[PDB]
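Let us start with two forms of the same protein chain, each given on its own as structure tokens and named structure 1 and structure 2.
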Structure 1
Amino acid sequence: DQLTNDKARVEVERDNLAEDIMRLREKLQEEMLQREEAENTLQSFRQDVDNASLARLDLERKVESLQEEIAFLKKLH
């Protein structure tokens, strides 16, 4: 009968909508995870950069000292 077919069809449409929403949800969650990993990696990079800043500071101090010494040695000559 056409009635049962129409009923089944309506149910199928409902199922399509629900599935579509599920598809969006899951993809969104994938984006969430990837975002999280990206954040972690970026933070590691932050740490690395900060350490590099420390080392660079030390090297700059050393270079200043060397500049003073060279300055004096040039004063001598």
Structure 2
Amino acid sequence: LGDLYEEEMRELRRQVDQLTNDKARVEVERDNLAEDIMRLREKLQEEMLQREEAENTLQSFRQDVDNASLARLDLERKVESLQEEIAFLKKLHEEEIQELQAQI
């Protein structure tokens, strides 16, 4: 009867209400994750700039470390060189004077 219409409409008004509360529920979830995603992308755009700057500094600083290391080697050698010269002087001085006990 007129009953089928009321029953087919009881059914529909029910679905529309389910779906309406669900579309509501899911909209809230999305609105939420959309905030998180914004907070995050920023915190990350941030870290990127720090990480990058950090690596850049470390790039031209490797040069400085190399150069300081070599400057210290260039001296460790200048010194060793002076020592071989002094070690020779003495071999020579010492000799250059035995050659005057002959010819006293």
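Rigid core (definition): largest C-alpha set, two forms, superposition within 1.5 Å. Residue numbering: sequential along structure 1, first residue numbered 1.
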property	result
Core-aligned C-alpha movement of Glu11 between structure 1 and structure 2 reaching 2 Å	yes
After fitting the core, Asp58 CA displacement of 2 Å or more between structure 1 and structure 2	no
Core-fitted comparison between structure 1 and structure 2 - CA shift at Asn40, Å	1.0
Per-residue CA shift, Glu69 (Å; core superposed between structure 1 and structure 2)	2.9
